[PDB]
Amino acid sequence: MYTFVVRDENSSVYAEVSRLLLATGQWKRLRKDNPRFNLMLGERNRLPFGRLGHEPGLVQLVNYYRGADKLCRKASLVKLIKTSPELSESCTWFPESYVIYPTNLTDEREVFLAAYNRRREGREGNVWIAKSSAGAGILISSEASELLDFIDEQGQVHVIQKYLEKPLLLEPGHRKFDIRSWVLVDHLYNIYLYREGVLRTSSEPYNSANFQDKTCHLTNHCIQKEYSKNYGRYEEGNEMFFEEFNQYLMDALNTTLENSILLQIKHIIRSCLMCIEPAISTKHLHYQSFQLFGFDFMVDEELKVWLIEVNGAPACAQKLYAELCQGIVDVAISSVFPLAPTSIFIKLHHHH
Amino acid sequence: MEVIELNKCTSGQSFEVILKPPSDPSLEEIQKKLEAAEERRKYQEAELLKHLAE
Amino acid sequence: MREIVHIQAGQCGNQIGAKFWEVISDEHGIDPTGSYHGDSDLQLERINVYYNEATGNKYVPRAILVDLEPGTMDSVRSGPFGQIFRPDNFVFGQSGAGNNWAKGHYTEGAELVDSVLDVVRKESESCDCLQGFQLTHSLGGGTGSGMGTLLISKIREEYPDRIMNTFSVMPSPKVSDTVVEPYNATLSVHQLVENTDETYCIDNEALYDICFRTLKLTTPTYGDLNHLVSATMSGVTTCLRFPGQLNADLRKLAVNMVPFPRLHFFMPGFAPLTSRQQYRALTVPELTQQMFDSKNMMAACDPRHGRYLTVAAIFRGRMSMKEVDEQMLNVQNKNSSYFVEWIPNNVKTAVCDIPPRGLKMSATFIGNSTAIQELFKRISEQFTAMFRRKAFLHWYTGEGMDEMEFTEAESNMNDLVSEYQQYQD
Amino acid sequence: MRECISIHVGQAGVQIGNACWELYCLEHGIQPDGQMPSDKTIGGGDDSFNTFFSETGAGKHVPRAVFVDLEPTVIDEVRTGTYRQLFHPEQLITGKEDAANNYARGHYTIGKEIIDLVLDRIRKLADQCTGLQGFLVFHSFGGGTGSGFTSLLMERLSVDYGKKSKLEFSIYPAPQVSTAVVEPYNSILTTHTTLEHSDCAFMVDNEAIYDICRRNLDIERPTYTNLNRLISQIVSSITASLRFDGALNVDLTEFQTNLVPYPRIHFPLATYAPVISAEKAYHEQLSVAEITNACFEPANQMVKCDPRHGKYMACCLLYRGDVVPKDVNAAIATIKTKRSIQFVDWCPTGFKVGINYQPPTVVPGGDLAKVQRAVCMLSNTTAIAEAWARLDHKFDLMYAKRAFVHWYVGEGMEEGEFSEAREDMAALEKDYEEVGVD
Ligand SMILES: Nc1nc2c(ncn2[C@@H]2O[C@H](COP(=O)(O)OP(=O)(O)OP(=O)(O)O)[C@@H](O)[C@H]2O)c(=O)[nH]1
Ligand SMILES: Nc1ncnc2c1ncn2[C@@H]1O[C@H](COP(=O)(O)OP(=O)(O)CP(=O)(O)O)[C@@H](O)[C@H]1O
Ligand SMILES: Nc1nc2c(ncn2[C@@H]2O[C@H](COP(=O)(O)OP(=O)(O)O)[C@@H](O)[C@H]2O)c(=O)[nH]1
Ligand SMILES: Fc1ccc(CNCc2ccccc2)cc1
Ligand SMILES: Fc1ccc(CNCc2ccccc2)cc1
Ligand SMILES: [Ca+2]
Ligand SMILES: [Ca+2]
Ligand SMILES: [Ca+2]
Ligand SMILES: [Mg+2]
Ligand SMILES: [Mg+2]
Ligand SMILES: [Mg+2]
């Protein structure tokens, strides 16, 4: 009989894992403050890692990796990529980004202008996009004056990265999209990629001559279901699954999803998680960690995959909650606390 | 990776390696604490003896 | 040298006390005449805790036998180990207490109390560093209940900073002598709430149910009930009588077991309890499961009806100290809904190498559970059923008491219940 | 030569002190009767070992130590033990009854009645010193004497010896080897009143020592003898520079100079390697690189915590045995290229290294195996604040209900001292977050 506590009631993912754990008749839930737990479904912010692994005789496991924010913060991910020799500033799959602190507070203001002034003179496309983790607030513009003036009007760290002006557009529609891949890293630091991804598509025709109307450039589910007028026309809920996206690539470009995109996705996921492994691994620690990650990618018209961001507390597509959450229990929880396939994951083998 | 101040003797040696440069109560006050606590104990005990005498 | 002065008062108090000294005297190798005839130095390591060393290597219990009638103490003096007691330590009267708390506390007992204190004083003066006192008594009679609590109040006046520990037999209508037992028990609980530091609640009904249902005794007797109290007293005092870690003095026990001064009434327990399938070895899991099972508890309170504030467990014998820690953490980590979570690590375990006579190993359980409130609810209910009609009160008002004194004792016991109920939530 | 007086308070301090002085004697060739043949200057001398040992006309080398316990049973062991002849009676001080795990009892009730006596016994040792450096104070956090009397003793020492350094070796409470529920109270009360009196304190978590004994020594259920012998090795590595020829940490002042940038942040993390079981058929002797890399494994730390998620303010490497500077720097290079070693911007990213050629001594028949080389790393990391958080959390759970508070108030302590002490620990935790986090 195992015990777990719930410290994030808003997690739609672990609400199901918690629902499944109880349904097994071999797990029991305790008050959120009871320390005699085997498994912690912890809070998103200020998770008390320092109190784990100090209960005599209790193998304790938590659903977050201490230190993973270095990957799931806009500014942290930029600093991690430019400063890590494994990733380097020559990293070919991450957009040219810069950390920019508002003038009311290191910083990369001048370096951005140097590269910016370089594109303007070379007749090249010089459209950027500024954003921050403290947003629901995004601004796309080809003028450097508007990007920096927008960050000074705020008060949190921002990052300006090159806007992919030549994205891959689905047909019919001429519309943008992004790809969300779910990744589970277990206590042994095996990287598991869930076999089911989803594309969050824009129901509006892409328009490179008007960044003011941000409905055809941003593919977020809330923006499309609120400010877009063609929501749910092509695919149900602006969500297209891999089976359809793969068939489309075969009929249109005569290529498969595995060859043209998935190989680069699996490479980016491996590169990022292997980089921070020495810093976050719980191999020789007094407690164990696993975490579910949501990687967001962009695909350009050359079939090159770009990394957008990494989410540390990701939600899931409605149609995939069941399969994925059961997978979490199998390889992440029951692997440490066994009960009394054809795995839904793809192990990305690496040199620990 | 620099080494400085290497000191060597018969029973060992010591040195320093730099990898990167940077960027009370008086005796009287204590006596009061102790005697204040002792007095509070005597007050509590006197109340108990009073309770018992009743 | 942390000596303890033992006092036994009244019929129940002296019969249970007699068996206690009989049991531990055997464990320490002391024969009925006080002479030592053991074979292990562990039997003398802490022997001075309960025994005074007289001339000729004789060991005399540091015990005082008190009663208002001679009958029961004549039995002790003619019992198995009767010769072992210091003759001067028999203090008795002739009139008796008639199962009347007021006689033990105000009239008959008052006349005799000063000579009891003279003996307590003598025993204390012969202690290098007195730890405190333990008293065996019942709450439903007159001498052990009434005079017993009177002694405690007068001992507190003279040794206010020493520990006062009691083994208190709670009455039950199932093992009853008179209808006034709820009266006497409620008046005593009032004293105990205020003037003891630790009270082991021994419910005669739980002792009966154990003898009947578990031990398969068709007709249990006081003698059978007292065998369980002997084994329990031997178990709870094992930490004091044999070389045990954590020092284990009554003052450290109270500090770590009593988070609130009034809530100092413990549920004791013992394993094994086997019926004559008695030669079988008992594994550590079995010891632990039984020790935590309600059927093995002497207070007749279902621990699942409340929560544990603190728990002490003493294992005796040569066993796997690793396997003990595993099973103790297993019982905790499998029922953590019955342990308050605002007292970290409130379950402590101690091991002793010397097992009880005739057992390869055993476990004694000491629990401070809010489920003990059900014992006081029982007494309160029985008390009010009679007191609302003022039935049998004349036995008490005839000795000078007023009804008000009953109303106050009742209110304090019901307050104790409410206090347990608030920490259970 | 400058003298250091060691003070052992309570059961933990005394028994740990017992283990250390056993080791000191074996390291310096001193016999239980007090004789030291290798000492050619009879009845005196100003050698390195004389900082910890005085000498009589008869050639007896006497520890400069005071053992203090409010109960006699633990110190009675020393009085009749193997090393009874090392100490004279004035050095062993015992009371009648202990503090019952009650900080307030050891500090106020009992402490008030024995403090002047302990100072007078300490004053006697000080009169034998031509240049006293300071004091090393061993005690537990959880015991009533270890917590309560120690804080009182530290305040008095600052009054009588204002210009003297004071180091602590403090045992952090672990439930696996303790039957005391109130130790979180005692730990925070004693840290509050001792904080401004301690220049440098080495916390040893019994949980860490316990797991090292089970994992590396294959002891299923370790005893206090197993724990203290391992603790004395670490203590010996830390005090070796004061007792032997050398140039690093040569006086108690240097521990603060090298390990403490701010007065309140004076709790360095200790890490020790290697710990090898003596019952091993035969072990593969570890190199300088392997034992140095091991100084960044949490399983060898005296306090379980994750330095990867803190910042370093100082780092000391203390090697004993076959170790030359060349192999040390080679190992350090390999560690900065694999470990997460984040220093604060206002501190140099570096390591002070000390090497003593004499390999660690091991008590005959003990649990530890003879190793050709060993190291103890002393690093000031913000990650050690994890141990304050754990302790402060347990404190808050009980104090919210006022559980056990009546025992402390009953000894004359005012309830407000609880919250005053707790608020000071809250301040300490904030100081670590300001230094470590961005
Ligand atoms: N490492 C180690 N810890 C010990 C030792 N003895 C006691 N402890 C720890 O110290 C704490 C209890 O405090 P003690 O030192 O025994 O108590 P005290 O200082 O003698 O004070 P009193 O309450 O008066 O007895 C517990 O956390 C024990 O685990 C020891 O020999 N070695
Ligand atoms: N460098 C870039 N080039 C092109 N488009 C970009 C871009 N950066 C962001 N986008 C657009 O913005 C969207 C992703 O925004 P982002 O993920 O940074 O915000 P967010 O984190 O609040 C949403 P999420 O829930 O996925 O974390 C994508 O749909 C993408 O089309
Ligand atoms: N367990 C046990 N209970 C007893 C014994 N003798 C009496 N009692 C109980 O104690 C109460 C009677 O008190 P008693 O000791 O006889 O009165 P006293 O002599 O005036 O103190 C009743 O509740 C009895 O059930 C005994 O030997 N063993
Ligand atoms: F286990 C016990 C159960 C009940 C009792 C009380 N009855 C004792 C008795 C019975 C008949 C004649 C005389 C006395 C005592 C012990
Ligand atoms: F550890 C201790 C805890 C509590 C106490 C209080 N003793 C009260 C008392 C003394 C004598 C007779 C009756 C009551 C004493 C020590
Ligand atoms: Ca008369
Ligand atoms: Ca000399
Ligand atoms: Ca000072
Ligand atoms: Mg995001
Ligand atoms: Mg009777
Ligand atoms: Mg002690």
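In order, the residues displayed for chain C correspond to 1-276, 279-427 in Swiss-Prot numbering, which applies throughout.
The way this entry was determined, per its header, is X-ray crystallography, 2.2 Å.
Just so you know, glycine gets a Cβ as well, placed from its N, Cα and C.
Marked as motif 'MREI motif' by Swiss-Prot: C:1-4. The GTP binding site annotation in Swiss-Prot covers C:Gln11, C:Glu69, C:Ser138, C:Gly142, C:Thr143, C:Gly144, C:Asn204, C:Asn226, and the record cites similarity to another entry as its basis. If you look up Swiss-Prot, you'll see C:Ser40, C:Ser172 marked as phosphoserine, on the strength of similarity to another entry. What Swiss-Prot lists as phosphothreonine is C:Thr55, C:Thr285, C:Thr290, and the listing cites similarity to another entry. Marked as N6-succinyllysine by Swiss-Prot on the basis of similarity to another entry: C:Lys58. Taken from Swiss-Prot, the feature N6-acetyllysine applies to C:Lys58. The ubiquitin cross-link feature in Swiss-Prot is assigned to C:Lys58, C:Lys324. Among the features that Swiss-Prot reports, Mg(2+) binding site is placed at C:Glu69, with the record citing similarity to another entry. Positions annotated as omega-N-methylarginine by Swiss-Prot, on the basis of similarity to another entry: C:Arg318.
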Among the recorded positions listed as C:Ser40, C:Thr55, C:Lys58, C:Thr290, C:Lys324, the Cα nearest the Cα of C:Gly144 (GTP binding site) belongs to C:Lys58
Listed recorded positions with Cβ under 6 Å from ligand 3, out of C:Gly142, C:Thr143, C:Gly144, C:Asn204, C:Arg318: C:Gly142, C:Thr143, C:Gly144, C:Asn204
Residues among the recorded positions C:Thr55, C:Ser138, C:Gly142, C:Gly144, C:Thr285, C:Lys324 lying close to chain D by Cβ (under 8 Å) are C:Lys324
What count of other C-beta atoms do you get within 10 angstroms of the C-beta of C:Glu69 (GTP binding site), across all chains shown? 19
Cα of C:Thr55 (phosphothreonine) to Cα of C:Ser172 (phosphoserine), in Å and rounded, measures 44
Let me know the DSSP-derived helix, strand or coil state of C:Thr290 (phosphothreonine), please. helix
The DSSP breakdown of the motif 'MREI motif' (C:1-4) into helix, strand and coil residues is 0 helix, 1 strand, 3 coil
Spatially, and counting Cα to Cα, which of the recorded positions is closest to C:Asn226 (GTP binding site)? Options: C:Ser40, C:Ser172, C:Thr290, C:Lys324. C:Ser172
Rank the binding-site residues C:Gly142, C:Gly144 by the number of other Cβ atoms within 10 Å of each Cβ and report the first-ranked residue. C:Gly144
Contacting chain A at Cβ under 8 Å, from the recorded positions C:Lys58, C:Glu69, C:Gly142, C:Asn204, C:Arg318, are none
By Cα-Cα distance, the member of recorded positions C:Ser40, C:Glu69, C:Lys324 nearest C:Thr285 (phosphothreonine): C:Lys324
C:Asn226 (GTP binding site) -> DSSP, reduced to three states, gives helix
If the criterion is a C-beta within less than 6 angstroms of any ligand 10 atom, which of the recorded positions C:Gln11, C:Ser40, C:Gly142, C:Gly144, C:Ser172, C:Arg318 pass it? List them in sequence order. C:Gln11
Could you tally the C-beta atoms, other than its own, that fall within 10 angstroms of the C-beta of C:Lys58 (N6-succinyllysine)? 15
Going by Cα-Cα distance, which of the modified residues (C:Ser40, C:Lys58, C:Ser172, C:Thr290) sits nearest to C:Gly142 (GTP binding site)? C:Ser172
Closest of C:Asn204, C:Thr290, C:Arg318, C:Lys324 to C:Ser40 (phosphoserine), Cα positions, recorded positions only: C:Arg318
State the count of C-beta atoms found within 10 angstroms of the C-beta of C:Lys324 (ubiquitin cross-link), not counting that atom itself. 12
Please report the three-state DSSP label of C:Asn204 (GTP binding site). helix
Measuring CB to CB from C:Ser172 (phosphoserine), give everything in the same chain under 8 Å that is also at least six residues away in sequence. C:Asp203, C:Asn204, C:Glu205, C:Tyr208, C:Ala302, C:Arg380
Same-chain residues at least 6 apart in sequence with Cβ under 8 Å of the Cβ of C:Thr143 (GTP binding site), in sequence order, are C:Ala9, C:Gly10, C:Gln11, C:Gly13, C:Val66, C:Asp67, C:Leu68, C:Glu69, C:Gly96, C:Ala97, C:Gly104, C:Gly109, C:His137
